[PDB]
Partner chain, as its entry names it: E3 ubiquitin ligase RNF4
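Only one chain is given next, in structure tokens, and it is the form solved without its partner chain.
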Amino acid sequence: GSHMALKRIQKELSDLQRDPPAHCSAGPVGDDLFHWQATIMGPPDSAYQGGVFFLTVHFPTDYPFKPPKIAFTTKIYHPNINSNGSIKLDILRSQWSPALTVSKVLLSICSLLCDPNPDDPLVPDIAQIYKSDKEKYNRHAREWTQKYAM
């Protein structure tokens, strides 16, 4: 149960420490390995560049056989991320696999920032702005990055 999951989590953390990734930072908030905080930097060339985005990561007791619960703490303007930080992403639910790690999820969220999924959105308004007025989208995302993530 929790011993197994805690062992898997310790392995993932040890891998992140042994070869840190370029795409994010991640680690336990304190002594509870089930509760992690992560950070992703606004991808270069995107409307979020310069910003720092904080994620909360919570491991279920059945990890790695149940997906981790990941959400945004920093406010962001995105079609697949709403105002209170909920994320719409396949690997975080229907397409989760025990072979995946938090590192790969954060990688996929970086790609998601660089390339949203407006055809199955969490914020229809932002999705339609993204599809039909890219300039407006980049403007609002840049504004929110300057206002919340810097």
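Numbering follows the first chain given and starts at 1.
There is another form of the same protein, the form deposited with its partner chain bound; it is not shown, and what comes next is about it.
For the three residues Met4, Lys66 and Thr101, a heavy atom within 4.5 Å of its partner chain turns up in the bound PDB entry in every case.
Contact check for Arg139: every heavy atom lies farther than 4.5 Å from its partner chain in the bound PDB entry.
Using a 4.5 angstroms threshold between heavy atoms, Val52 stays clear of its partner chain in the bound PDB entry.
Looking at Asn84, you'd find every heavy atom of it more than 4.5 angstroms from its partner chain in the bound PDB entry. Although the partner is absent from this view, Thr61 stays clear of its partner chain in the bound PDB entry, with no non-hydrogen atom inside 4.5 angstroms. Contacts to its partner chain in the bound PDB entry (heavy atom within 4.5 Å) from stretch 5 to 23: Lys7, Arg8, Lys11, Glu12.
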